[PDB]
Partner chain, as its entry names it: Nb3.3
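Before any questions on binding or motion, here is one chain by itself as C-alpha cells, the form deposited without the partner chain.
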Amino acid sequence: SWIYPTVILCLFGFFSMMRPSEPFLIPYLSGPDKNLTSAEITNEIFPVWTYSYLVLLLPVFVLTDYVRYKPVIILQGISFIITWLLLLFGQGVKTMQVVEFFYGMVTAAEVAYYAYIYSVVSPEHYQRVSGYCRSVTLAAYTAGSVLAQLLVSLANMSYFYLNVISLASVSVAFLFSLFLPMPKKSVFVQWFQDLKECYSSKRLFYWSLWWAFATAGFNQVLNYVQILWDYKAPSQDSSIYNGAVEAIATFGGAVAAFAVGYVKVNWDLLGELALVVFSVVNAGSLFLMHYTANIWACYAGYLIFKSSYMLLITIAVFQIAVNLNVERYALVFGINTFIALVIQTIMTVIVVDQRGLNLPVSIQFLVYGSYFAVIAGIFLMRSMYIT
C-alpha cells in the first residue's frame, strides 16, 4: 500500500533535510577554515544559487514526470553528496560558486521529491501523504538545528565537523532514495496546450496562484527574519537565540503539516475558508513581527507565520494533487516553484536590494506584511464574490 513508499520517501526527506550545517552556513563560509569574506559570500556566491535554482528548475518541471520522478530524486541525492563534498574541501569563491550551483540543483529536484509520492500512492491517501512527507522535512530541519545547537554548545564541535555530519546525513538519504519504489509508467505550442489542460483543473489555478505568490513572500521573510531580529534587539548571544527560535518555528510548522495529514477534514469544502483565514493569520503575524518592538512578540509572530504558512502549503499541495486529474504532478509543482522564485527575485530586487528602493529591515517587514495582506484580501474578496 502507501506505507512503504511513504516511509522510504519520509526517511529520504528527513536524512536529506537533517543538515546541522545549515544554521551555521554563513559562519562556516566566513571563518578560519573556509576563509571567505561577507562581500564574496553575499555578492559573488549566493546569487549563483538563485540563478542555478531557476535554470535547473526549468528541466525539473519540464522533464520530471517523463522520467517518473525517481532519477531526479536520485539526482538530488547525488547533488547532495557533491554539494557537501565540495563544501567540505572547497576553497575560494570559484569552488563555492560550484557548491551553490549544485545546491540549486538540489533545491530544484526538491520539486521531484514532493511530487514523487503523489505519483506512487492512490488519491485517497493524498492528504496523509501530503502532511507526513512535508512534516518530516520540517522535522528534519528542526532536528538538524538542535543537532547543531547542542553540539556547538556541548561537544565543542567545529563547523567543519557539522558539515561532515551533514554529508553523512545526506549520503544516507541517497541510499534511501536508491530504494524508493519506481512509479508506474504513464511543437513547442503543443506543450503549452497540455499546460492549458493541466491548469484547467478545478481550484488548481487558484491554489497555484496562492503558491506562486505566498511562498515568494515566505522565502523573503525567511531570508530577512534574522536581520529583523538583529535590528529589534542587537545582541552577540542572538546567534544561539535566533536559530533556536527558528527551530521552534520550524517544528511548529512541522506540527501544522502533521495536522493536515492526521486530522481527517474535508479540505474541498474547507480549502477556501482555510486559505483566507490562515492568510489573514500570516499577514497579522508579519505585521506583529514588525510593528511591535518586543523580541518575544516578534518570535511568537514568526512562529505563527511559519506554522500557518506550512499548514497552508500542505493544504495547497494536497489540493493541487487531488484536483490535478493529470499525471504531471511535478510540472505543476515545478511551475509553481519557478513562478514563486521569479516573484521572490523580483521582490528582492525591488524592496531590499540597493538597485531598488533599498528599504531597511524595519520597513521591509511592514512591506512583507502588507504583501501577505494583499494576498489574503485578494483571496478573501474572491470568496465574497463566490458567495
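Residue numbers count along the first chain shown, from 1. So that the term is clear: the rigid core is the largest set of C-alpha atoms that superpose within 1.5 Å between two forms.
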property: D194 dropped from a third or more of the other entries of this protein; result: yes
property: Length class of the unmodelled deposited segment, which would lie between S186 and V187; result: 10 or more
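Not pictured, yet referred to below: the form deposited with the partner chain bound.
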property	result
Which of 30-38, 324-332, 337-345, 51-59 sits within 4.5 Å of the partner chain in the bound PDB entry, heavy atom basis	30-38
Touches the partner chain in the bound PDB entry: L357 (any heavy atom, 4.5 Å)	yes
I350 within 4.5 Å of the partner chain in the bound PDB entry, heavy atoms	yes
4.5 Å heavy atom contact, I363 to the partner chain in the bound PDB entry	yes
Contact of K264 with the partner chain in the bound PDB entry (heavy atom, 4.5 Å)	no
Partner-contacting position among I74, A143, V93, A212 - heavy atom within 4.5 Å of the partner chain in the bound PDB entry	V93
Rigid core superposition between this form and the one not shown: residue from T137, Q76, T83, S308 with Cα shift of 2 Å or more	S308
Rigid core superposition, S52 Cα moves 2 angstroms or more between this form and the one not shown	no
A115 C-alpha shift between this form and the one not shown of 2 Å or more, rigid core reference	no
Core-superposed comparison between this form and the one not shown, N266 Cα displacement 2 Å or beyond	yes
Residue pair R328, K70 - Cα distance in the bound PDB entry, closer or farther (3 Å or more)	farther
CA-CA separation of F46 and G356, closer or farther in the bound PDB entry than in the form shown [shift of 3 angstroms or more]	closer
